[PDB]
Amino acid sequence: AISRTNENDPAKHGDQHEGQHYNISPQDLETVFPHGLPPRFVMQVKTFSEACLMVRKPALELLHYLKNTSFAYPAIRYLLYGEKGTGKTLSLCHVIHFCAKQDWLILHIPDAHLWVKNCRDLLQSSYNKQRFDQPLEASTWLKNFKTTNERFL
RNA sequence: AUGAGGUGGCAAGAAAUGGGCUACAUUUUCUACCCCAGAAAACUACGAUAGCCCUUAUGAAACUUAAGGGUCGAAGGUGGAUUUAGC
Ligand SMILES: Nc1ncnc2c1ncn2[C@@H]1O[C@H](COP(=O)(O)OP(=O)(O)OP(=O)(O)O)[C@@H](O)[C@H]1O
Ligand SMILES: [K+]
Ligand SMILES: [K+]
Ligand SMILES: [Mg+2]
Ligand SMILES: [Mg+2]
Ligand SMILES: [Mg+2]
Ligand SMILES: [Mg+2]
Ligand SMILES: [Mg+2]
């Protein structure tokens with residue numbers, strides 16, 4: 001267990017946990033992550049029968065900013081960037097897991113590129129005739145949004 | 001006039017056959033990208049560089065030649081005997 005950590009609460013992760021994997025319970029995978037996890041990481045959860053996420057500095061830095069958030073000031077925009085496959089998505093998921101366990105309302109868009117390509121039913125909107133609706137993309141997200149924030153809706 | 005010039009015209013397809021091109025698809029089709037993606041995937045799929053219509057390019061001259069677009073969505077579902085090429 002040299003690569004694992006017994007601290008499964010993302011609110012208690014610190015620099016001493018860097019490089020160590022913490023476990024995400026199956027209950028949180030169903031509620032917090034009905035979507036957003038990388039497709040290949042989802043294959044690993046099915047194969048290893050567990051979801052373990054390495055604690056890294058990008059997420060630790062961002063967790064430090066969110067724990068000191070001044071909710072009176074306007075919302076701050078944090079942007080994760082880096083080369084392909086460096087762990088941008090999973091760093092975001094580690095932060096989503098922190099706020100989910102702090103009773104925040106999670107508005108998670110797992111992949112915004114899916115809303116600008118490969119749309120079969122692109123209907124015209126009735127609320128605004130100059131805009132287009134996307135019933136399949138919108139209904140899919142509503143189902144996952146309901147699963148994550150069911151206790152607040 | 002078996003020579004010279006002018007005007008207009010033929011150069012088609014019952015059929016057979018040689019070579020080639022494109023396909024019959026999932027190691028595929030479309031898009032992004034040029035290789036860590038998203039979709040498509042059987043009668044609105046794959047599949048025409050064919051047919052029909054229009055535009056454009058060249059030209060004095062274009063149903064005719066070429067390019068592009070629209071429309072159209074066929075045979076084909078991997079091919080018998082035989083046979084070609086490659087160290
Ligand atoms: N924190 C982590 N814990 C465990 N595995 C990780 C972690 N970060 C990255 N990985 C591994 O790297 C892979 C890629 O991670 P991820 O998809 O988050 O990267 P990314 O930079 O967002 O990728 P892309 O550039 O494609 O959007 C994961 O599927 C996993 O195998
Ligand atoms: K042939
Ligand atoms: K053949
Ligand atoms: Mg990512
Ligand atoms: Mg004569
Ligand atoms: Mg078709
Ligand atoms: Mg044509
Ligand atoms: Mg002209």
Side-chain angles (χ1 to χ4, degrees), chain A residues 1-5 7-11 13-66 75-101 104-150 152-153:
Chain A
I2 296 175
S3 61
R4 294 170 181 267
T5 184
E7 184 60 287
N8 59 329
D9 184 5
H13 291 162
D15 301 334
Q16 63 277 10
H17 298 117
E18 188 200 352
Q20 301 172 21
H21 296 70
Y22 84 98
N23 184 78
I24 304 175
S25 67
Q27 173 56 22
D28 289 333
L29 290 170
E30 298 171 346
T31 298
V32 180
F33 297 106
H35 57 177
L37 296 172
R40 291 199 63 84
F41 184 79
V42 172
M43 299 177 187
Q44 185 186 291
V45 174
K46 163 266 177 186
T47 298
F48 295 175
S49 302
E50 72 187 16
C52 296
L53 205 62
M54 184 187 297
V55 178
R56 309 179 65 192
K57 304 214 75 61
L60 288 175
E61 179 181 5
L62 187 50
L63 289 168
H64 184 63
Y65 298 150
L66 291 173
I76 293 165
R77 282 76 62 84
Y78 302 95
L79 185 60
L80 290 164
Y81 75 102
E83 295 173 342
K84 182 183 295 304
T86 49
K88 295 179 291 300
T89 293
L90 288 178
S91 300
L92 182 68
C93 298
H94 186 189
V95 163
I96 292 165
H97 190 217
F98 163 81
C99 296
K101 302 305 300 185
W104 292 34
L105 207 63
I106 306 300
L107 190 77
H108 186 191
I109 311 304
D111 185 313
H113 297 295
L114 296 177
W115 292 0
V116 294
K117 66 186 177 178
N118 306 314
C119 184
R120 310 201 72 179
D121 301 332
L122 183 66
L123 308 168
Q124 178 178 303
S125 177
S126 60
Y127 184 84
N128 186 325
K129 297 186 178 183
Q130 298 178 24
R131 308 216 190 95
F132 297 91
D133 285 357
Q134 295 172 278
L136 179 60
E137 288 71 19
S139 58
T140 296
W141 178 86
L142 278 169
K143 299 166 186 172
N144 296 325
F145 172 82
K146 183 190 176 191
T147 295
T148 304
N149 308 279
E150 187 175 358
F152 305 113
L153 282 172

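Numbers restart at 1 for each chain; the letters A, B, ... are given by sequence-line order, proteins then strands. In what follows, every heavy atom counts, from backbone to side chain, and hydrogens, waters and symmetry copies are set aside.
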With a non-hydrogen cut-off below 4.0 angstrom, is A:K117 in contact with a base, only sugar-phosphate, or nothing? sugar-phosphate
So for atom OH, which belongs to A:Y81, do other residues, nucleotides or ligands contribute more than 12 heavy atoms lying within a distance under 6.0 Å? no
What pucker do you get for B:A81 when you go by the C1'-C2'-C3'-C4' torsion?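 Since its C1'-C2'-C3'-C4' torsion is positive, the sugar of B:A81 is on the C3'-endo, or north, side.
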Check the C1'-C2'-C3'-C4' sign on B:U65 and let me know if the sugar comes out north or south.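 With a positive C1'-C2'-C3'-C4' torsion, B:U65 is north.
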Tell me whether the OP1 or OP2 atom of B:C36 has a side-chain N or O from A:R40 closer than 4.0 Å.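 No, no such contact exists.
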With [atom1] as the reference atom in both, quote the distance from [N] to [M] in angstrom, rounded to an integer.
{"N": "B:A85", "M": "B:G19", "atom1": "P", "result": "12 Å"}
{"N": "B:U31", "M": "B:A40", "atom1": "P", "result": "15 Å"}
{"N": "B:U29", "M": "B:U22", "atom1": "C1'", "result": "16 Å"}
{"N": "B:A41", "M": "B:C30", "atom1": "P", "result": "14 Å"}

Counting only side-chain heavy atoms from C-beta out, which of B:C36, B:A40, B:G38 sits nearest to A:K84?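 Selected nucleotide: B:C36.
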Would you say the ring centroid of A:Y22 lies under 6.0 angstrom from that of A:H17?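 That pair fails the under 6.0 Å test.
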In Watson-Crick or G-U wobble terms, both distances under 3.5 Å, what is the partner of B:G6? none
Can you pull out every salt bridge (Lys or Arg N to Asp or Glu O under 4.0 Å) where at least one residue sits in residues 24-37 of chain A? Sequence neighbours excluded, please.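 The answer is A:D28-A:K101.
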